[PDB]
Amino acid sequence: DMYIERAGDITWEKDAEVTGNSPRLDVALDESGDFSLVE
Amino acid sequence: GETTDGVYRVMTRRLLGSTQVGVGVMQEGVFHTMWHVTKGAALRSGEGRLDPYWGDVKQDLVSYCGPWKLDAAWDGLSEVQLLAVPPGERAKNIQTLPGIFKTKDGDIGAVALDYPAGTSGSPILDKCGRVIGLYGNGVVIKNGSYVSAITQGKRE
Ligand SMILES: CCOC(=O)c1ncoc1CNC(=O)[C@H](Nc1ccc2c(c1)CNC2)c1cc(Cl)cc(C2CC2)c1
């Protein structure tokens with residue numbers, strides 16, 4: 001059985017930690033909602 | 001139960017202890033999460049019950065109590081924030097410039113940030129604080145790292 005618990009407000013934080021790259025990828029999406037890499 | 005707008009943890013007591021299986025967004029009296037988190041099952045909020053209202057396995061999205069409300073879109077240029085809600089850990093905003101998932105049906109934004117599977121459903125925000133999609137459905141690239149789509153529903 002599943003339940004929900006509040007975790008916070010949805011707000012933009014000024015001066016948040018900036019990380020992660022911006023990859024451009026060719027992908028396919030199947031009927032089961034699963035992504036795969038196209039090559 | 002609690003219907004206040006905000007980000008929520010999706011928990012279960014079926015396994016050992018209390019386990020976080022995912023995250024979601026409460027907005028305008030509707031709870032929004034990824035289909036793979038709940039598999040469309042009903043949820044509990046205190047003594048209250050949330051019944052599924054709309055879902056789609058291909059989009060990997062589900063809403064409870066009403067139709068999908070989130071309609072903001074990534075502009076294709078600006079940085080965004082993942083409001084990550086990791087299991088056992090406090091909600092944390094991480095800012096990033098999304099990449100792109102190019103498909104035969106169009107392009108969608110993608111966020112290259114790595115989190116435990118129980119983080120699926122955490123919202124992605126624009127500079128106005130609007131939810132432009134949920135983090136938690138993606139792919140594993142050549143090096144082993146995770147890249148999520150910016151998954152957004154449609155507001156009927
Ligand atoms: C399972 C074999 O490995 C992979 O294919 C895979 N490995 C890494 O990412 C994937 C792709 N899947 C996801 O993005 C995954 N959630 C998921 C689960 C079930 C369905 C869907 C999405 C959509 N259709 C049903 C997920 C999300 C996050 Cl935050 C973290 C993780 C780590 C646990 C690997 C996984």
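Any value given below was found using the heavy atoms of this structure, including those in side chains, with hydrogens, waters and symmetry copies removed. Proteins get letters first, then strands, A, B, ... in listed order; numbering begins at 1 in each.
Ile124(B) contributes atom CD1, which lies 5.5 Å from atom OG of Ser148(B) (distance to the nearest 0.5 angstrom). In this structure, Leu25(A) CG and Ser36(A) OG are separated by 11.5 Å, a value rounded to the nearest 0.5 Å. Atom NE2 of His36(B) is separated from atom CG of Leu61(B) by 10.5 Å, given to the nearest 0.5 angstrom. With rounding to the nearest 0.5 angstrom, the CZ atom of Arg6(A) is 9.5 Å from the CE atom of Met26(B). Taken to the nearest 0.5 Å, the OG atom of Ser22(A) stands 3.5 Å off from the CG atom of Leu97(B). From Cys65(B), atom SG reaches atom NE2 of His32(B) across 10.0 Å, with rounding to the nearest 0.5 Å.
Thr96(B) contributes a side-chain N or O that, together with a main-chain N or O of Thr19(A), makes up a donor-acceptor pair within less than 3.5 Å. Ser45(B) contributes no side-chain N or O that, together with a main-chain N or O of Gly48(B), makes up a donor-acceptor pair within less than 3.5 Å. Panel note: side chain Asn21(A), backbone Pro23(A); no donor-acceptor pair is recorded below 3.5 Å. A donor-acceptor pair under 3.5 Å is formed between the side chain of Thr19(B) and the backbone N or O of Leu16(B). A donor-acceptor pair is defined here as one N or O able to donate and one able to accept, closer than 3.5 Å; no such pair exists between the side chain of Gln95(B) and the backbone of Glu17(A). With hydrogens and angles ignored, the 3.5 Å screen pairs no side-chain donor or acceptor of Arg9(B) with any backbone N or O of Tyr3(A). Between the side chain of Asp9(A) and the main chain of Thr11(A), no donor-acceptor pair closer than 3.5 Å is present.
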Determine all donor-acceptor pairs shorter than 3.5 Å in which one atom belongs to a side chain in residues 131-145 of chain B; sequence neighbours excluded.
residue	atom	partner	partner atom	Å
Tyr135(B)	OH	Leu113(B)	O	2.7
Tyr135(B)	OH	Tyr115(B)	N	3.2
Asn137(B)	ND2	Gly33(A)	O	2.9
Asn143(B)	ND2	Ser145(B)	OG	2.7

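Side-chain atoms of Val80(B) and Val111(B), non-hydrogen and from C-beta on, do get closer than 4.5 Å to each other. Using a 4.5 Å cut-off on side-chain heavy atoms (C-beta onward), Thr119(B) and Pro87(B) make contact. Side chains of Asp1(A) and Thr12(B) form no contact here, defined as non-hydrogen atoms less than 4.5 Å apart. For the pair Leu37(A) and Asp26(A), the minimum side-chain heavy-atom distance is 4.5 Å or more. When side chains are defined from C-beta on, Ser63(B) does not count as touching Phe31(B), because their heavy atoms never get closer than 4.5 Å. The closest side-chain heavy-atom distance from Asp60(B) to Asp34(A) is not below 4.5 Å. Counting heavy atoms from C-beta outward, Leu29(A) and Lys58(B) have side chains that approach closer than 4.5 Å. Counting heavy atoms from C-beta outward, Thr151(B) and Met34(B) have side chains that approach closer than 4.5 Å.
In terms of hydrophobic clustering, with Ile, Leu, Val, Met, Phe, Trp and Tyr side chains grouped at heavy-atom distances under 4.5 Å, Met11(B) and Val7(B) are assigned to different clusters.
For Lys69(B), the NZ atom counts as densely surrounded, since its 6.0 Å shell holds more than 12 non-hydrogen atoms of other residues, nucleotides or ligands. With a 6.0 Å radius and a threshold of 12 heavy atoms from other residues, nucleotides or ligands, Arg44(B) has its CZ atom above the threshold. Heavy-atom neighbours of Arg24(A) CZ from other residues, nucleotides or ligands within 6.0 Å: at or below the threshold of 12.
No option in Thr33(B), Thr38(B), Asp51(B) other than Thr38(B) meets the side-chain hydrogen bond (donor to acceptor under 3.5 Å, both in side chains) test with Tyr64(B).
Side-chain atoms of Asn93(B) and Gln81(B) include a donor-acceptor pair closer than 3.5 Å.
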Go through the steps to decide whether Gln152(B) and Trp68(B) satisfy the test side-chain hydrogen bond (donor to acceptor under 3.5 Å, both in side chains), and finish with yes or no. CA-CA 9 Å; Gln152(B) 187 54 293; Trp68(B) 187 270; 3.1 Å; yes

